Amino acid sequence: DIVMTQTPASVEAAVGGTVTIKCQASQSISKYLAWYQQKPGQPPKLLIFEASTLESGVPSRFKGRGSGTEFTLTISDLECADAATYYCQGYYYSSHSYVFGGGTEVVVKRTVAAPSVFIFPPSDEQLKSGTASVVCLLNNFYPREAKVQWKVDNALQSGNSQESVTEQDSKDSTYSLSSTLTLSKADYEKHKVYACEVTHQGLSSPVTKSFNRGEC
């Protein structure tokens, strides 16, 4: 019955900057609102309780304000380790219910960094199983947005690749991306040139890393 609308879905700021996360309750929850920090693979970490009270051990640059149906969490003097997901949780004493906000991701803005592109031919051991995987590595780039296109004998490939992106590095504020091209061994031996075209904001022109099958 009670909804917590958290906006925006993502906030960005450079090191030393300030981010603001808004959380609106459908009905008044008095002062009973809480803010949680969560890093991937970890339990949520309590930052603010009673909507303005700092949890012991939490730096003062995390500040919670508001009441009624409107609350804000402000993070000033942004550090690199602040990149995580933040949640607002309201408590309605009448219904004894706990409602969590949608969530907000903090992105640490930094200088644009070109990716380092590496291509890895499939191992002979994998080929014996009957499948071939080609991995294209995009290392230490920013911003996250990047386009990877697989070309096999200069033919664009689709439907047989998957990509994942690491979380923002807590030491570099950078991203790493991996593209894996999976093909059956029969198709792998049917072609020679395997290429990985990378287009990025920090790349003046797209950079292609390629190898020829059966040559090293």
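One-based numbering along the sequence shown.
Peer 1: As stated in the PDB record, which stretch has the larger average Cα B-factor, 25-33 or 42-50?
Peer 2: Taking the mean C-alpha B-factor of 25-33 and of 42-50, the larger value falls to 25-33.
Peer 1: Tell me which stretch has the larger mean Cα B-factor in this entry, 161-169 or 182-190.
Peer 2: Comparing 161-169 with 182-190, the higher mean C-alpha B-factor belongs to 182-190.
Peer 1: What third of its chain, lowest, middle or highest, does the C-alpha temperature factor of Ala146 fall into?
Peer 2: Middle third by C-alpha B-factor.
Peer 1: Can you tell me whether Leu203 has a C-alpha B-factor in the lowest, middle or highest third compared with the other modelled residues of the same chain?
Peer 2: Its C-alpha B-factor belongs to the highest third of this chain's values.
Peer 1: Place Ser76 in the lowest, middle or highest third of its chain's C-alpha B-factors, as listed in the PDB entry.
Peer 2: Middle third of the chain for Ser76's C-alpha B-factor.
Peer 1: Ranking every modelled residue in this chain by its Cα temperature factor as given in the entry, which third contains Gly68?
Peer 2: For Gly68, whose C-alpha B-factor we compare with every modelled residue in the chain, the answer is the highest third.
Peer 1: Test of reading the entry: by CA B factor among the chain's modelled residues, which third contains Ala132?
Peer 2: Tercile = highest for this residue's CA B-factor.
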